[PDB]
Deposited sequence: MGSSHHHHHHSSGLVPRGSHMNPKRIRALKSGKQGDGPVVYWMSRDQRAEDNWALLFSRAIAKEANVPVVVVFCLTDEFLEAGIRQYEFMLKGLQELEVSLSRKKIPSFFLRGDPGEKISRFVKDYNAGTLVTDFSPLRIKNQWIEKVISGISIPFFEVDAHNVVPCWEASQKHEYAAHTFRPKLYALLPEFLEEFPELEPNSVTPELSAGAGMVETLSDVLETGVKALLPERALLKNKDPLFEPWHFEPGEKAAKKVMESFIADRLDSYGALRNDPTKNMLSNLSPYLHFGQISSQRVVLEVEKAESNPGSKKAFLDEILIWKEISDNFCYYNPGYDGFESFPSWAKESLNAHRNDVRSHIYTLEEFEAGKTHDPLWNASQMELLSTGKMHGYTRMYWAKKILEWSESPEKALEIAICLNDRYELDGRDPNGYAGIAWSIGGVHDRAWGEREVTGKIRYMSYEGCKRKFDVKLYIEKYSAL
């Protein structure tokens, strides 16, 4: 649908129709940014061809009640900044509260929209809302993958068993799909308060807040400033100060050598494609660059692959057959310890390294990547059953990670507990052939005592 720097393979039709006479509406969901946003760029291009303005609509759902203030504030502060950015480009934004299935349909009717565009998420609930909207509108409806460098449905047509099978397919398509972004052109044709939504939601969540004994909150909000501008600064300092040592130190949780981009990536406050462009152009240790690109291209995009092609991505049934057979055989094994959700949540296990990982999670909202593996694997080892382990890990990941409620989290938990995108290892009690990680193993790789002391 027109454009020159616009690859049509990024866009797909959800519903055909007579293009209406009214504005193009971008139903923003996953990609909460004005810059480097293929969904917003395609929306603007369609609007230009039809000689109509583009408007942005965002629907605040009751979903926020299932997480905490830490995510709600991060997201909403981002959106306050986004509202201003879009304003400068003469793009109005509308913030709706309620079920997207109902509210988006109504908005399209009331505002006499000509075309509807949304960004891409493989999570189940987004597909449900889309199907509801389709039944409620008579205008064309498109979806743009603004989150992946290679559109999810282009990179592969099936569930990929392993990174080693996906890697060649993805890297083959980078020359086509890794490109610079055109600038967002302001609107030429002229056309609820977020402050109030924020106060109302916070009041609702205050009773569920994570607290220490003295009733002082556990969460430290100053580690990550929200919004598009801050995200760019974190990217720049990563490339300048941390990228060089990333390959060597990414698996040492006592060193702050990660990008720290995940909260921003999760809410779409920065484009993965932008990050890849800048890292590609940086002159740094080649090994570090390859390690980083493999994480933000292969592992991030295969997580969308996993959720898109396996709608039971958060269930035991999505595990590979060998892992299901192994875990099933060990269901009756005596566990060395059994903890409840509440005991894991409070960091009251016998294992100080596990407890310190959980304390980093509670206090910062971002557990170091290496201890996330250890953390999830011990939940399998010290729970009543594989289903209960899965349920506990997802519950804590999604409640406390700023970057949670994400394909990466479901794929990472499924790797840790069910061997998805892994292979079988030595046979053990309880965990069977699922890859094992030990306290002693961690001791030989990094200064465990220092991580424990940092987080009590």
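Trainee: What ranges of the deposited sequence are left out of this structure?
Mentor: No C-alpha coordinates exist for 1 to 15, 207 to 215, 481 to 482.
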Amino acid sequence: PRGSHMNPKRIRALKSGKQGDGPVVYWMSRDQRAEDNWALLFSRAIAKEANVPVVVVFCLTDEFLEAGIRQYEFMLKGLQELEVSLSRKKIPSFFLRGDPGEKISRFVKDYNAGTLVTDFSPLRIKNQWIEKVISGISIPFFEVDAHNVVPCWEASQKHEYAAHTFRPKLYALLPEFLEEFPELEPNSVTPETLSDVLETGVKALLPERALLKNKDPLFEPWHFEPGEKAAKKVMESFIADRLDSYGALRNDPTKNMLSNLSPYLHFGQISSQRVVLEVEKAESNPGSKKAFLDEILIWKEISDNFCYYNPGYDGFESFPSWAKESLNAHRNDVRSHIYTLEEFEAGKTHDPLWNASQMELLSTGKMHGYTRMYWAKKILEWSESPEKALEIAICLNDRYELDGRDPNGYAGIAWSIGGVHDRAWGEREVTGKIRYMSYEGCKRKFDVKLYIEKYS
From here on, numbers count along this sequence of modelled residues.
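Only the largest set of C-alpha atoms that superpose within 1.5 Å between the two forms is called the rigid core.
Trainee: Superpose by the rigid core and compare 182 to 190 with 365 to 373; which one moves more, by C-alpha RMS, in 9 other deposited structures of this protein?
Mentor: It is 182 to 190 whose C-alphas lie farther from the shown form in 9 other deposited structures of this protein.
Trainee: Mean C-alpha B factor from the entry: is it higher for 90 to 98 or for 73 to 81?
Mentor: The deposited B-factors put 90 to 98 ahead on the C-alpha mean.
Trainee: So, looking at the entry's B-factor column for Cα atoms, which has the higher mean, 105 to 113 or 230 to 238?
Mentor: Per the PDB entry, the higher value belongs to 105 to 113.
Trainee: Check the PDB entry and point out which of 257, 125, 206, 362 has the largest C-alpha temperature factor.
Mentor: Result of the comparison over 257, 125, 206, 362: 206.
Trainee: In this PDB entry, which of 390, 430, 65, 396 has the top CA B-factor?
Mentor: Comparing C-alpha B-factors across 390, 430, 65, 396, the top value belongs to 65.
Trainee: Considering only modelled residues of the same chain, in which third does the CA B-factor of residue 314 rank: lowest, middle or highest?
Mentor: Residue 314: CA B-factor falls in the lowest third of its chain.
Trainee: Quick check on the deposited entry: does the C-alpha B-factor of residue 46 sit in the lowest, middle or highest third of its chain?
Mentor: Residue 46: CA B-factor falls in the highest third of its chain.
Trainee: By the recorded C-alpha temperature factor, relative to the other modelled residues in its chain, which third is residue 380 in?
Mentor: Ranked within chain, residue 380 CA B lands in the lowest tercile.
Trainee: Can you tell me whether residue 416 has a C-alpha B-factor in the lowest, middle or highest third compared with the other modelled residues of the same chain?
Mentor: Its C-alpha B-factor belongs to the lowest third of this chain's values.
Trainee: Taking the entry's C-alpha B-factors for this chain, is residue 434 in the lowest, middle or highest third?
Mentor: For residue 434, whose C-alpha B-factor we compare with every modelled residue in the chain, the answer is the lowest third.
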